[PDB]
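The structure appears below as structure tokens.
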Amino acid sequence: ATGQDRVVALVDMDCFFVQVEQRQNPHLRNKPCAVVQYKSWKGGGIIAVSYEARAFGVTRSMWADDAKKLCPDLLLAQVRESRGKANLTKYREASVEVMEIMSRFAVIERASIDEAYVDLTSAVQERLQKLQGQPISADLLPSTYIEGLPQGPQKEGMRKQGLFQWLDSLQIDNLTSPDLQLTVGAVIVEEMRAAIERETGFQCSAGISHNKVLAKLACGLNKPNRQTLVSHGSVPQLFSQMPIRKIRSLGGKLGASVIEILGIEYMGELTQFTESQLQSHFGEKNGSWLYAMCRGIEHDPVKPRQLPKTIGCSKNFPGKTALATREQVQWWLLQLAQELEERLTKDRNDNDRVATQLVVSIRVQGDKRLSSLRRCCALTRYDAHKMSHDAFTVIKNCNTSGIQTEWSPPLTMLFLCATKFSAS
DNA sequence: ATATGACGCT
DNA sequence: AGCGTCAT
Ligand SMILES: Nc1ncnc2c1ncn2[C@H]1C[C@H](O)[C@@H](COP(=O)(O)NP(=O)(O)OP(=O)(O)O)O1
Ligand SMILES: [Mg+2]
Ligand SMILES: [Mg+2]
């Protein structure tokens with residue numbers, strides 16, 4: 001079995017937060033520009049970067065002041081600030097706009113604020129028998145790249161040349177040629193992407209392949225404003241120089257042990273190993289997953305979920321701003337709870353459901369662990385004061401100070417999350 | 001002094 | 001459950 005039964009696509013917005021600000025502020029269009037959070041510490045932290053500005057080496061996580069050094073024409077748009085914290089509402093709403101449109105073509109799984117996976121298998125079947133064996137016209141694929149093509153014996157001319165070899169080798173006879181199915185999926189994604197641009201003004205990229213992992217890999221091969229098809233046949237060469245860390249779920253500790261333990265560098269080298277070999281190295285689940293994946297085979301299904309299982313608000317208090325007093329802790333819990341009550345009310349009305357669990361998370365000054373304590377209490381009413389007061393209770397026994405007016409050690413992070421939803 | 005949401009392990 | 005891992 002070759003892991004070619006499904007057509008899966010990943011759609012990801014190009015420099016999402018920038019496009020949202022550029023739609024709103026025409027003066028930012030087609031300029032080096034970036035979106036910044038806060039302002040006081042070193043101009044604010046950069047969180048999204050137009051492609052014009054990336055050409056100067058401006059990146060996410062860079063301070064705005066350091067970014068202006070790399071690029072002094074850089075324009076900045078500031079994230080909105082409510083009750084003393086970053087407020088991402090504009091971008092969540094833009095995301096819903098984009099998800100609604102995508103939903104009209106197939107069932108989607110929201111994977112982040114700006115991307116969704118799409119299972120196109122069923123829509124591919126439909127469009128196939130409508131064609132009645134009609135060949136696929138390169139007219140229908142004006143922004144599609146075929147990975148690994150052209151091959152054998154100017155940016156856009158190279159694209160068409162690869163696209164011509166793909167079609168000129170296609171087998172439109174067999175209505176289950178996996179390569180034909182990917183080509184038809186790619187035709188739908190062009191329609192989906194034109195509709196998103198038409199109805200929002202947002203441009204996006206997309207990957208089309210047989211599973212989530214290849215779709216996501218393909219999406220980033222030709223950003224921005226292009227889509228890439230990765231066929232099962234292109235996987236051996238693609239993977240032969242693909243660093244292991246580029247693959248989703250291997251960008252961290254597991255991927256680094258794969259490199260260290262096996263002494264390899266690229267995804268294609270995993271094929272030498274037996275599945276049993278890989279299970280003893282990395283456990284039974286990772287070994288099986290890896291054995292299949294280095295052959296381009298992956299089974300994670302596209303889950304029909306476009307809303308979330310959790311709604312959270314958090315704020316970091318780094319350095320001098322760490323929370324030292326009880327009354328400081330209570331004020332910020334109030335602020336978090338107020339924004340949280342706002343989003344929960346919106347979610348109970350628009351999507352018809354109610355949370356039953358409140359999770360409270362904190363980080364103390366000196367703990368490397370991104371969260372230090374994580375406790376849960378009942379959630380019965382969408383009332384900020386009640387939520388904020390209950391969060392304090394759950395954490396108040398963690399102020400290790402005999403002075404009760406004081407909070408020690410200082411808190412570096414407050415996090416309030418609502419979960420365990422039920423239909424309402 | 002790089003705000004969020006999913007899922008795995010035990 | 002609470003923690004860890006990984007993602008954008
Ligand atoms: N580590 C992070 N932390 C917080 N917000 C982030 C983030 N990474 C991204 N965002 C925010 C800002 C981002 O705009 C948005 C989508 O994340 P991406 O798709 O990873 N990056 P973009 O869409 O900007 O560029 P392109 O896709 O063309 O590479 O979510
Ligand atoms: Mg994006
Ligand atoms: Mg993204």
Side-chain angles (χ1 to χ4, degrees), chain A residues 10-17 34-49 58-67 79-82 84-92 95 109-117 212-213 216 219-220 245-257 282-286 289 300-301 303 305-322 335-336 339-340 343 347 357 359-363 365 367-377 394-395 398 410 412-421:
Chain A
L10 177 74
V11 182
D12 181 288
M13 314 304 304
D14 297 334
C15 55
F16 189 40
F17 289 13
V35 176
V36 187
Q37 210 171 55
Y38 305 130
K39 214 278 183 303
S40 286
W41 188 262
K42 316 177 176 167
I46 302 284
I47 58 171
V49 182
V58 181
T59 69
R60 180 180 54 243
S61 290
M62 181 160 307
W63 298 116
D65 291 353
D66 300 1
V79 166
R80 185 180 152 194
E81 201 151 316
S82 289
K85 83 181 282 294
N87 176 15
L88 308 168
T89 290
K90 196 192 313 188
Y91 314 110
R92 291 191 182 98
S95 184
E109 172 177 0
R110 182 186 176 288
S112 84
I113 195 157
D114 87 320
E115 78 216 63
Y117 290 95
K212 283 188 188 177
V213 166
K216 180 194 176 61
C219 187
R245 63 177 177 280
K246 297 314 189 182
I247 295 290
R248 193 187 60 159
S249 70
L250 299 182
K253 288 188 175 173
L254 174 69
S257 70
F282 309 115
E284 215 160 64
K285 177 198 78 282
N286 298 330
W289 187 84
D300 183 21
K303 291 179 184 170
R305 179 196 74 252
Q306 109 173 237
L307 305 174
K309 314 177 153 95
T310 57
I311 305 179
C313 310
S314 50
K315 185 175 164 53
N316 281 327
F317 304 92
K320 239 64 183 189
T321 64
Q335 304 315 298
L336 283 195
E339 186 200 334
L340 178 54
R343 299 226 288 145
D347 163 276
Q357 208 183 61
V359 189
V360 190
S361 192
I362 70 183
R363 200 196 193 205
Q365 214 165 35
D367 210 322
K368 74 184 62 177
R369 290 139 67 260
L370 268 205
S371 161
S372 301
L373 158 145
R374 208 188 302 185
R375 304 282 208 256
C376 342
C377 74
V394 133
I395 68 159
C398 325
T412 315
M413 191 260 298
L414 295 189
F415 196 169
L416 281 185
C417 186
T419 187
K420 266 172 175 60
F421 289 88

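Order of the sequence lines fixes the chain letters, A, B, ..., with proteins taken first and strands second; residue numbering starts at 1 for each chain.
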Both A:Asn87 and A:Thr412 contact DNA chain B. Which one's nearest nucleotide lies toward the 5' end?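 The residue whose closest nucleotide sits nearer the 5' end is A:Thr412.
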
Which is more 5' along DNA chain B, the nucleotide nearest A:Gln365 or the one nearest A:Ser314? Just name the residue.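 Between the two, 5'-proximity favours A:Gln365.
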
Considering only the P atoms, how many Å lie between C:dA7 and B:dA1, rounded to the nearest integer?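 Straight-line distance between the two P atoms is 24 Å.
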
Categorize [X] for me: base, sugar-phosphate, or nothing, with a 4.0 angstrom heavy-atom threshold over every strand shown.
X        : value
A:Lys42  : nothing
A:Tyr38  : sugar-phosphate
A:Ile311 : sugar-phosphate
A:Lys320 : nothing

Could you tell me whether the side chain of [X] and the main chain of [Y] form a donor-acceptor pair under 3.5 Å?
X        : Y        : result
A:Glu109 : A:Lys303 : yes
A:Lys212 : A:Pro301 : yes
A:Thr412 : A:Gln365 : yes
A:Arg60  : A:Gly45  : no

Which pairs count as side chain to side chain donor-acceptor pair (under 3.5 Å) when at least one residue sits in residues 311-322 of chain A, sequence neighbours excluded?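 Listed once each, the pairs are A:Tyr38-A:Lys315.
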
5' to 3' on DNA chain B, which nucleotides open and close the contacts with chain A (atom under 4.0 Å from a heavy atom)?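 Taking any atom under 4.0 Å from a heavy atom of chain A, the span is B:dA1 to B:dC9.
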
Treat primed atoms plus P, OP1 and OP2 as sugar-phosphate and everything else as base, then score nucleotides 2-8 of chain C 5' to 3': B for base contact with protein heavy atoms under 4.0 Å, S for sugar-phosphate contact only, - for none. SBBSSSS

Quick one: list whatever passes ring-ring contact (aromatic ring centres under 6.0 Å, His included) with A:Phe16, sequence neighbours left out. A:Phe202

Listed partners of A:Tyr91 passing ring-ring contact (aromatic ring centres under 6.0 Å, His included), at least two apart: A:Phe17

A:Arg92: partners by side chain to side chain contact (heavy atoms under 4.5 Å, CB included), with sequence neighbours left out: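 By the side chain to side chain contact (heavy atoms under 4.5 Å, CB included) rule, A:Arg92 matches A:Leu88, A:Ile113, A:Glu339, A:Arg343.
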
